[PDB]
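S.K.: Handing you this structure, nothing more for now.
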Amino acid sequence: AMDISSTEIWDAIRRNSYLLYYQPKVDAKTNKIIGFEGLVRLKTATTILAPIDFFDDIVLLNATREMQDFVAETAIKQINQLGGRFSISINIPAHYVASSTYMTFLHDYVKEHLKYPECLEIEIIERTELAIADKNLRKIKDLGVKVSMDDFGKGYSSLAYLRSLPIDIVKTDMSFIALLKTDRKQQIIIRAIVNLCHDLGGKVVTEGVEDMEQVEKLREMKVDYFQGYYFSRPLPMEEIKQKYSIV
Amino acid sequence: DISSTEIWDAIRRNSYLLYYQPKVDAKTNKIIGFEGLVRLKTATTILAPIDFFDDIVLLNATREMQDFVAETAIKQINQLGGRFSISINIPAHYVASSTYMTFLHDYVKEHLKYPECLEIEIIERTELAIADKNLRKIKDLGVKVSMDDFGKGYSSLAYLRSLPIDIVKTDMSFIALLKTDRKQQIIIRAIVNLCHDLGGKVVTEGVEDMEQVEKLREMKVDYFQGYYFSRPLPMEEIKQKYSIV
Amino acid sequence: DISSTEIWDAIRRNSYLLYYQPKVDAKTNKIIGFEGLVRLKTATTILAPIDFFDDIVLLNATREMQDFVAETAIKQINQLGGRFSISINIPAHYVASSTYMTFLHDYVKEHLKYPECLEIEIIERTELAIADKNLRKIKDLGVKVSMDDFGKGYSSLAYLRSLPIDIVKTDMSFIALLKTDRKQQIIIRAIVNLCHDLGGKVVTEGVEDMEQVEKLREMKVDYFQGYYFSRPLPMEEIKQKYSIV
Amino acid sequence: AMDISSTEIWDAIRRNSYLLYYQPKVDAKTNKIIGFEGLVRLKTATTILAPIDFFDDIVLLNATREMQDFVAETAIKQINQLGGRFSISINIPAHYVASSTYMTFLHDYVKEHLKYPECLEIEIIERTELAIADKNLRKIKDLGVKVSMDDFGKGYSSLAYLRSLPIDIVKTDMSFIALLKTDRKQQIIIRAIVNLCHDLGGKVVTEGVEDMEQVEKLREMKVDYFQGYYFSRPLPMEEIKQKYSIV
């Protein structure tokens with residue numbers, strides 16, 4: 001089911017034709033932009049694709065390394081440009097986090113290139129033995145880098161990730177904060193999870209924020225940061241800065 | 001680029017379309033049928049399920065979506081008068097549901113003039129004896145059964161063994177990079193020969209160029225689908241492109 | 001050490017047992033019920049499902065196994081006169097089946113004298129609105145619902161959200177290594193508090209020593225299960241050990 | 001559901017208390033033992049456990065590396081002892097095969113220690129991008145080592161493994177060869193898969209062989225090797241040699 005040919009896709013992947021888009025994260029209290037989530041895009045001849053569409057091809061073309069490298073290097077340059085005023089996250093699959101060979105290169109590339117290590121966040125995606133991953137992370141954390149995890153509680157074994165990795169930020173996906181006017185159990189669950197994160201000394205980002213009634217509830221349940229359409233879809237850095245002259 | 005609100009409103013309004021991807025006979029080069037593929041028509045855009053499937057999940061709307069696809073495909077099969085087949089994708093969990101299949105079975109019995117022209121494409125492929133019972137009850141009406149993405153994921157040979165599969169579909173990557181992949185060519189022919197020995201036929205999806213066609217034709221693949229013929233289209237546009245339709 | 005032939009013959013002969021693992025009240029230290037656990041009695045040995053589950057799969061015998069467990073547990077609940085609860089493990093795919101649950105529901109209605117003493121333990125944990133409907137219909141009889149291995153695998157918080165869960169069970173590793181795991185202790189209390197705020201209770205499985213008991217008791221865990229009390233036993237042996245039973 | 005306590009298990013894993021058992025593989029034609037499958041066991045205080053029971057604990061105790069190392073070293077010593085007359089396989093999870101860091105150590109340990117590299121078989125279990133795995137394998141294959149894969153067609157994406165890894169031997173599990181008197185489709189499937197393996201220039205091992213009627217069918221469909229109860233359950237090397245004075 002494709003509006004465009006697989007061929008046009010595969011040639012874009014060979015051109016290493018990626019774009020990094022950014023979605024603002026806002027402080028729940030001050031409503032100020034505190035950083036961005038980096039979200040890779042593939043620019044083809046006729047359009048721009050999101051990872052959910054072109055994933056299959058990248059694996060089959062064994063291009064996953066190129067893409068990660070792109071994401072990390074582009075993000076590091078972007079953080080450097082913003083004078084340390086904003087954090088930027090990159091999505092790194094659990095497989096990659098658990099690879100010492102990758103995580104050693106990343107540590108090295110970060111140490112050499114990133115002027116503001118405290119403004120990078122590794123966001124663990126596509127979530128086994130956790131000790132190697134734990135060590136990989138701890139080494140990059142030694143530089144000042146933050147660590148988050150996506151899909152909390154939807155994804156695999158979120159509690160074990162939380163227990164055995166050095167997580168700073170828990171991110172929740174859109175379903176987690178939907179239906180709340182008519183969902184007392186989910187209101188209780190959210191509050192339990194937020195207070196747990198805080199008692200672990202971390203913070204929570206709720207993605208998929210769509211409306212002000214959600215903002216009201218989440219602010220009252222002590223969610224630290226928001227992300228979602230209500231603030232901004234993901235955009236080129238260019239269009240962020242045109243929208244938010246702050247940045 | 002669009003809100004989840006926008007997607008929600010569409011699904012809540014059952015705002016679906018069924019597009020069609022033509023299937024072409026490797027021997028005659030004539031269109032012989034279509035893969036039916038569902039889409040969400042939101043206020044500003046059109047989405048494929050993957051861009052909203054989990055939102056379908058949130059809203060408990062897979063059944064409503066499943067009725068839309070069966071109802072729509074049957075109406076179009078009828079309208080085409082037995083000249084073309086149309087497949088509908090049914091998740092394996094629905095295929096296993098005695099409840100849903102009896103419902104579907106009685107629906108086809110009641111409304112489908114040309115049951116040999118319906119194909120149930122089993123997608124999202126676990127337990128099997130009940131699924132096999134369900135599937136045979138409808139095939140007794142004349143309906144055909146296929147399975148997609150053969151080779152990919154869990155238990156392809158197991159489904160093939162256990163279910164009354166008429167047609168095996170492969171994905172775009174099964175036929176990718178063949179100019180240097182001797183091993184895959186060996187594999188493809190072996191599978192085509194296997195399907196043929198089991199009384200069935202093969203549809204390779206993802207056909208992108210003539211070079212592929214030459215090889216697959218030589219390997220005795222029975223049908224092609226892919227951007228090289230046509231990407232998925234609404235039937236009105238299908239009809240513009242193909243006067244035979 | 002045994003043949004697949006031996007396993008086959010057992011399953012074909014429906015040669016099953018139901019063992020019981022006691023559940024102990026953290027407050028009173030009294031046995032309050034049992035987790036029912038199925039076993040295959042082969043001509044020479046006794047196996048846990050994992051050592052034959054896929055052989056169960058081959059032979060299409062999960063339903064036959066599912067009837068044995070429900071029938072047996074109900075007979076024992078009746079025989080114990082409402083003094084103890086007994087849980088049965090039901091796969092999530094059966095819990096989702098409107099067909100199977102109505103069957104079970106009418107079965108309990110007909111045969112179980114003490115429905116508040118049955119517990120359906122949802123195991124092997126996807127779609128949920130139908131599962132929630134199925135589960136509520138039987139809970140209307142008085143039956144309780146639990147879920148095992150909370151924390152482990154997919155969507156624990158999702159099942160908790162969406163299903164009428166009375167009891168959350170954790171596995172042995174949720175409570176493992178706590179002498180140096182400050183983070184897990186924080187997590188455990190948070191979950192116990194969560195369950196309590198949702199009107200439910202918690203069973204920690206895998207309890208192996210007194211040190212664990214001291215901590216879990218302080219964390220307000222409601223029930224314990226584990227080798228520290230008793231491994232799984234047939235009821236005749238349960239009765240030898242526990243005169244209160 | 002344990003007949004023994006988790007504690008007794010976890011202490012055995014800490015003692016690195018493993019045994020390697022062996023299940024004969026027999027040539028379909030000559031009915032001669034040609035090699036063994038190595039199958040790890042955990043010896044505890046009161047019993048001896050198979051991997052299906054104690055897996056959970058090994059991961060939670062992050063002992064997977066110890067166990068693999070045990071399996072490889074024990075197997076290498078055993079092959080050396082048998083004068084090159086028999087092959088022995090070791091099960092290595094797909095994760096480990098795709099780890100260059102592990103596969104480099106294994107290559108090094110093999111080159112240093114194994115006198116008969118042609119008598120070792122890496123059997124890929126617990127079956128993503130395949131190019132790294134492909135390379136890892138190719139390097140060990142450069143020493144003479146063979147490569148097989150388990151669970152053919154039951155496991156994940158068996159066809160892609162077959163396509164993109166340098167596989168020598170395809171192994172099928174017990175279900176694949178069950179019900180054959182009353183299964184024409186499966187008879188056709190088996191034959192298709194065997195001839196495919198041969199056309200790829202490999203060989204097939206059918207495990208789960210239980211009776212002579214199976215032997216008759218599989219021999220006639222050109223299966224190269226047999227394994228299963230009909231010949232021998234897995235045993236200590238000691239009990240193999242007492243049973244088969246050949247070895």
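Scheme for the structure tokens: letters A, B, ... for chains in order shown; per-chain residue numbers from 1; ligand numbers from 1 in order shown.
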Quick one: everything within 7 Å of residue C:142, counting only C-alpha atoms, minus sequence neighbours fewer than 3 positions away in the same chain. Send it as a PyMOL selection string.

M.R.: chain C and resi 115-116+139

S.K.: For the selection just defined, write its residues with N, CA, C and O atoms to a file, as a PDB file, in the first residue's frame.

M.R.:
```pdb
ATOM      1  N   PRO C 115     -19.226 -18.968  43.909  1.00  0.00           N
ATOM      2  CA  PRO C 115     -18.515 -18.281  42.832  1.00  0.00           C
ATOM      3  C   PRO C 115     -17.475 -17.268  43.317  1.00  0.00           C
ATOM      4  O   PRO C 115     -16.482 -17.066  42.631  1.00  0.00           O
ATOM      5  N   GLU C 116     -17.664 -16.673  44.489  1.00  0.00           N
ATOM      6  CA  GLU C 116     -16.698 -15.728  45.024  1.00  0.00           C
ATOM      7  C   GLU C 116     -15.354 -16.390  45.305  1.00  0.00           C
ATOM      8  O   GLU C 116     -14.361 -15.710  45.535  1.00  0.00           O
ATOM      9  N   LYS C 139     -17.974 -11.927  36.443  1.00  0.00           N
ATOM     10  CA  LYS C 139     -17.791 -11.298  37.736  1.00  0.00           C
ATOM     11  C   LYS C 139     -19.148 -10.959  38.345  1.00  0.00           C
ATOM     12  O   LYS C 139     -19.267 -10.847  39.556  1.00  0.00           O
TER      13      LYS C 139
END
```

S.K.: Chain C near chain D within 10 Å: what's each residue's closest atom pair and its distance in Å to one decimal, counting only C-alpha atoms, ordered by chain then ascending residue number, as CSV?

M.R.:
```
residue,atom,partner,partner_atom,distance
C:1,CA,D:233,CA,6.1
C:2,CA,D:233,CA,7.8
C:3,CA,D:229,CA,6.0
C:4,CA,D:210,CA,7.3
C:5,CA,D:210,CA,7.2
C:19,CA,D:1,CA,9.2
C:20,CA,D:1,CA,9.3
C:21,CA,D:1,CA,8.0
C:35,CA,D:1,CA,9.5
C:36,CA,D:1,CA,9.7
C:37,CA,D:1,CA,7.2
C:38,CA,D:1,CA,9.3
C:39,CA,D:1,CA,9.8
C:48,CA,D:1,CA,7.5
C:49,CA,D:1,CA,9.6
C:50,CA,D:52,CA,7.8
C:51,CA,D:52,CA,7.7
C:54,CA,D:175,CA,8.8
C:55,CA,D:175,CA,8.1
C:57,CA,D:175,CA,9.6
C:58,CA,D:175,CA,6.9
C:59,CA,D:179,CA,9.7
C:172,CA,D:6,CA,8.0
C:173,CA,D:60,CA,7.3
C:176,CA,D:60,CA,9.0
C:177,CA,D:61,CA,9.6
C:205,CA,D:1,CA,9.8
C:206,CA,D:6,CA,7.4
C:207,CA,D:6,CA,9.0
C:208,CA,D:7,CA,6.8
C:209,CA,D:7,CA,9.0
C:226,CA,D:5,CA,8.1
C:227,CA,D:5,CA,5.5
C:228,CA,D:5,CA,8.0
C:230,CA,D:5,CA,9.5
C:231,CA,D:3,CA,6.1
C:232,CA,D:1,CA,6.3
C:233,CA,D:3,CA,8.8
```

S.K.: Taking a cut-off of 8 Å and counting only C-alpha atoms, can you build a table that, for each residue of chain B near chain C, reports the nearest atom pair and how far apart they are in Å (one decimal), sorted by chain then residue number, as CSV?

M.R.:
```
residue,atom,partner,partner_atom,distance
B:57,CA,C:127,CA,6.9
B:60,CA,C:129,CA,6.7
B:97,CA,C:97,CA,7.5
B:98,CA,C:99,CA,7.7
B:99,CA,C:99,CA,7.2
B:127,CA,C:57,CA,6.9
B:128,CA,C:60,CA,7.9
B:129,CA,C:60,CA,6.7
```

S.K.: What's around stretch 159-168 of chain A at 9 Å? Count only C-alpha atoms, leave out sequence neighbours fewer than 3 positions away in its own chain, and write the answer as a PyMOL selection string.

M.R.: (chain A and resi 127+130-131+133-135+137-138+141+146-149+152-153+156+197+200-204) or (chain C and resi 151-152+174+181+183-184+187)

S.K.: Which residues are close to residue C:84, i.e. within 10 Å by only C-alpha atoms, leaving aside same-chain residues fewer than 6 positions away? Reply as a PDB file with C-alpha atoms, in the first residue's frame.

M.R.:
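Once written, selection_19.pdb looks like this:
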```pdb
ATOM      1  CA  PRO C  22      -1.109 -21.976  48.722  1.00  0.00           C
ATOM      2  CA  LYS C  23      -1.625 -18.226  49.017  1.00  0.00           C
ATOM      3  CA  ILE C  31      -3.531 -19.912  53.965  1.00  0.00           C
ATOM      4  CA  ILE C  32      -6.440 -18.267  52.210  1.00  0.00           C
ATOM      5  CA  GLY C  33      -6.548 -19.961  48.839  1.00  0.00           C
ATOM      6  CA  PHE C  34      -4.535 -21.683  46.134  1.00  0.00           C
ATOM      7  CA  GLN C  76     -12.415 -28.699  44.665  1.00  0.00           C
ATOM      8  CA  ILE C  77     -13.773 -25.225  45.545  1.00  0.00           C
ATOM      9  CA  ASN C  78     -17.136 -26.954  46.173  1.00  0.00           C
ATOM     10  CA  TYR C 114     -19.270 -20.627  45.699  1.00  0.00           C
ATOM     11  CA  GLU C 116     -16.698 -15.728  45.024  1.00  0.00           C
ATOM     12  CA  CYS C 117     -14.160 -18.540  45.572  1.00  0.00           C
ATOM     13  CA  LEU C 118     -13.221 -18.849  41.875  1.00  0.00           C
ATOM     14  CA  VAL C 245      -7.443 -27.406  54.962  1.00  0.00           C
TER      15      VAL C 245
END
```

S.K.: Do a neighbour search on residue A:214 at 9 Å with only C-alpha atoms, toss out local chain neighbours closer than 6 positions, and write the hits as a list in words.

M.R.: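 The residues that qualify are residues 177, 178, 180 and 181 of chain A.
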
S.K.: Those same residues - N, CA, C and O atoms - I'd like them written as a compact mmCIF listing (two decimals), in the first residue's frame.

M.R.:
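Writing the result to out-v6.txt gives the following:
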```
# COMPACT_ATOMS: atom_id res chain seq x y z
N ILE A 177 -2.76 9.39 27.82
CA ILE A 177 -3.43 10.59 28.30
C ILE A 177 -4.75 10.87 27.57
O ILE A 177 -5.31 11.97 27.66
N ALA A 178 -5.26 9.87 26.85
CA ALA A 178 -6.52 10.03 26.16
C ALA A 178 -7.68 9.50 27.02
O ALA A 178 -7.46 8.65 27.90
N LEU A 180 -9.49 10.93 29.39
CA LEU A 180 -9.39 11.18 30.82
C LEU A 180 -10.63 11.76 31.50
O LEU A 180 -10.80 11.59 32.71
N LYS A 181 -11.50 12.44 30.76
CA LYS A 181 -12.72 12.93 31.40
C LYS A 181 -13.54 11.75 31.92
O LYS A 181 -14.20 11.83 32.94
```

S.K.: With only C-alpha atoms as the atoms that count, which of A:145, A:247, A:59, A:190 lies nearest to chain D?

M.R.: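 The answer is A:59, which sits nearest to chain D.
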
S.K.: Taking 2 positions as the minimum chain separation for residues in the same chain, which residues sit within 7 Å of residue A:136 when counting only C-alpha atoms? Answer as a ChimeraX atom specification.

M.R.: /A:97-98,100,103,132-134,138-140

S.K.: If you keep C-alpha atoms, can you produce a file of those selected residues as a CSV table (one decimal), in the first residue's frame?

M.R.:
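Final output, out_11.csv:
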```
chain,number,residue,atom,x,y,z
A,97,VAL,CA,22.0,1.1,23.3
A,98,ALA,CA,23.0,-2.5,24.2
A,100,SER,CA,29.1,-1.5,23.3
A,103,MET,CA,27.8,3.1,22.3
A,132,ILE,CA,25.5,-4.1,29.2
A,133,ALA,CA,22.9,-1.5,28.2
A,134,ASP,CA,23.2,-0.1,31.8
A,138,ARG,CA,26.3,5.0,32.4
A,139,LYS,CA,29.4,5.9,30.3
A,140,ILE,CA,27.6,8.4,28.2
```

S.K.: From stretch 20-145 of chain D, collect each residue whose DSSP state is helix (DSSP H, G or I) and return the set as a ChimeraX atom specification.

M.R.: /D:51-60,64-81,94-97,100-113,117-119,131-141

S.K.: Rounded to one decimal, what separation in Å do you get between atom CA of residue B:198 and atom CA of residue D:188?

M.R.: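 Taking atom CA of residue B:198 as the start and atom CA of residue D:188 as the end point, the length is 7.4 Å.
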
S.K.: Identify all residues of stretch 55-147 of chain D in strand (DSSP E or B) (DSSP on the backbone) and supply them as a ChimeraX atom specification.

M.R.: /D:87-93,120-125,146-147

S.K.: Write a file of the just-selected residues containing C-alpha atoms, as a CSV table (one decimal), in the first residue's frame.

M.R.:
```
chain,number,residue,atom,x,y,z
D,87,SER,CA,31.2,-32.9,15.1
D,88,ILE,CA,29.7,-31.1,18.1
D,89,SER,CA,27.3,-28.1,17.8
D,90,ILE,CA,26.8,-25.3,20.3
D,91,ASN,CA,23.6,-23.2,20.6
D,92,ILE,CA,24.3,-19.5,20.2
D,93,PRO,CA,21.4,-17.0,20.3
D,120,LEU,CA,32.4,-27.4,15.3
D,121,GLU,CA,29.0,-26.3,14.4
D,122,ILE,CA,27.4,-23.0,15.5
D,123,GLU,CA,23.7,-23.6,15.8
D,124,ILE,CA,21.8,-20.3,15.6
D,125,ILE,CA,18.9,-20.2,18.1
D,146,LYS,CA,30.0,-24.9,10.2
D,147,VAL,CA,26.8,-23.0,10.7
```

S.K.: Do a neighbour search on residue A:40 at 9 Å with only C-alpha atoms, toss out local chain neighbours closer than 2 positions, and write the hits as an MDAnalysis selection string.

M.R.: chainID A and resid 18:22 38 42 49:51 67 70:71 90:91
